[PDB]
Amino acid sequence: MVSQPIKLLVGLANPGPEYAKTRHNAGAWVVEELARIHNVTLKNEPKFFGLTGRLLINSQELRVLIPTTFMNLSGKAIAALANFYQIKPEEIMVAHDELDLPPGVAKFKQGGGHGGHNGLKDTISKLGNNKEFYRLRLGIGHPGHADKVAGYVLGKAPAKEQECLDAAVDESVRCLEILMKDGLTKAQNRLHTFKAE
């Protein structure tokens, strides 16, 4: 129950209103919703290259971060904040859009590659070439063709598809609450049975 590894939750993003509802900001959506439910307004802290907060959830202290960097420079923010607060890579969960899962699905994972995701790739680099941070993989689906991936992830999902996304965001937030109460195994056990329809 009370033991779980996460001290910092990061939602990857590109900055500003034109990118806010693009697929590549899916991780930020999770952080935004968790903050909203827990009555925290994020603070722009230039020292941390991002928007930051602190939540108390089942007596566990959870810091949150939405970088204001380019997506490919996300690691600057994550490292700056984690090094200041003495948070290890293994105590970070990074929420991000996942091409290899469909809209409406999300999964937790420890470690792994970047999958060609520019934010994950920088995060690995800037955390001392350490892959062993946790991930919240928010499915966004994948276009046919490799050459279309950048355009796809920088696009806005159409309405019905966005409903599936928003439903997975919602469950992901519920399951982050469960992570903080019941631990990772039970949180994962619930999240991995979810599929938005």
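Quick note: we count residues from 1 along the sequence shown, nothing fancier.
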property: Residue stretch of maximal mean CA temperature factor, 57-65 vs 43-51; result: 57-65
property: Given 75-83 and 122-130, the range whose Cα B-factors average higher in the PDB entry; result: 122-130
property: Selection by C-alpha B-factor (highest) of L136, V169, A159, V153; result: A159
property: Ranked C-alpha temperature factor of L101 among modelled chain residues, by third; result: highest
property: Cα B factor band for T22 (lowest, middle or highest third within the chain); result: middle
property: Chain-wide C-alpha B factor ranking for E33, given as lowest, middle or highest third; result: middle
property: Lowest, middle or highest third - CA B-factor, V10; result: lowest
